[PDB]
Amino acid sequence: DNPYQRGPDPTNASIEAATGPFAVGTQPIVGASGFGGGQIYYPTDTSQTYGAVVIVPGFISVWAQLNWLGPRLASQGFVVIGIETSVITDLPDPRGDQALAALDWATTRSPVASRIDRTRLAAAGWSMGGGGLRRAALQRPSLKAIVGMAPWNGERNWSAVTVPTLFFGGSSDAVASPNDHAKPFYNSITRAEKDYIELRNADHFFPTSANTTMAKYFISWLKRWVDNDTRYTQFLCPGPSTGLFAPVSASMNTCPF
C-alpha cells in the first residue's frame, strides 16, 4: 500500500470542495531567516505526517492575497507555508531562494516540523513568485512538484527542470500572458512530467480569489506527486474539457506521467 495516501478515495466533488476532510490549524511564522515571514496551515490530525508546500506571492503583493489557498490545500492533507518575500519587488530568482529557505525553516525550526515529512516537499507561487519556481527546482531537484499560477519570468528556458511542473495561465492575463510566460516555460520543459491549464476569461489576479477549477487541479497535482497518490491521476488524465463554454480554454500535459 502507499503509506503517504491521505483521505478517502477522491471524487470530482471531493477535489472541488472548499474544505477537504482534514481539520486545519494555523499560526504566524515567527523568527524566520532568509524570507519575510508569513503564515503556516496544517492538519490538526497528528496520527500521521504530511508533505509540505511553500507558496510564494507575486504581483507587488503579500501572502494575504493568496491566503484562501492555506485552508483550501491544508484541509486536503498538506502543510502549507504561505510566505512574504524579503522585499515586495524581489526578482524571480531571489523568490525561489526564499521558497527553499522557508521549506528549510518549516522542516528544521518551526513549531510544526514534526508534522512534515521533510522528504516530500513542493513549491508554488503566483506571478513573480511562480517565476521563482525555476530557481527553486534547479537548486532543489528533490522537490516533488512545482505549481506556478500565472508565472512571470523573463527567462523562458526552463529546460534544466526535472521536477513535475503544473502551470496555470489566464486567457485575459496581460501581465504574464500565456504566450510570453507560462507557455514558453512549459514548452522548454523536456525532462519533467508537466501540465498546463489555461482559465477562460481569467486575468492576472485569478489566483487571488477562490477558484474551484484552479484548486481542484492544484490539489490533484500535489496528491499525485507529493503523496505518490495515483488515485488522483484520474482527474489529471485526460484532465479538463476545453469546449467553447468550459472554464478551461487550453489544456496540455504529458499524461499518463
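The first residue of the shown sequence is 1; numbering continues from there.
K.L.:
Hey, which bit's got the bigger mean C-alpha B factor in the entry, 84 to 92 or 152 to 160?
P.N.:
Mean B over CA atoms: larger for 84 to 92.
K.L.:
Do the C-alpha atoms of 168 to 176 or of 111 to 119 have the higher average B factor in the entry?
P.N.:
So the stretch with the higher mean C-alpha B-factor is 111 to 119.
K.L.:
According to the Cα B-factor stored in this entry, which of the following is highest: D195, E198, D45, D227?
P.N.:
Each of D195, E198, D45, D227 was compared by C-alpha B-factor; the highest is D45.
K.L.:
Out of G51, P57, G70, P207, which residue has the highest Cα temperature factor in the PDB record?
P.N.:
Of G51, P57, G70, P207, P57 has the highest C-alpha B-factor.
K.L.:
Quick check on the deposited entry: does the C-alpha B-factor of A32 sit in the lowest, middle or highest third of its chain?
P.N.:
Top third by C-alpha B-factor.
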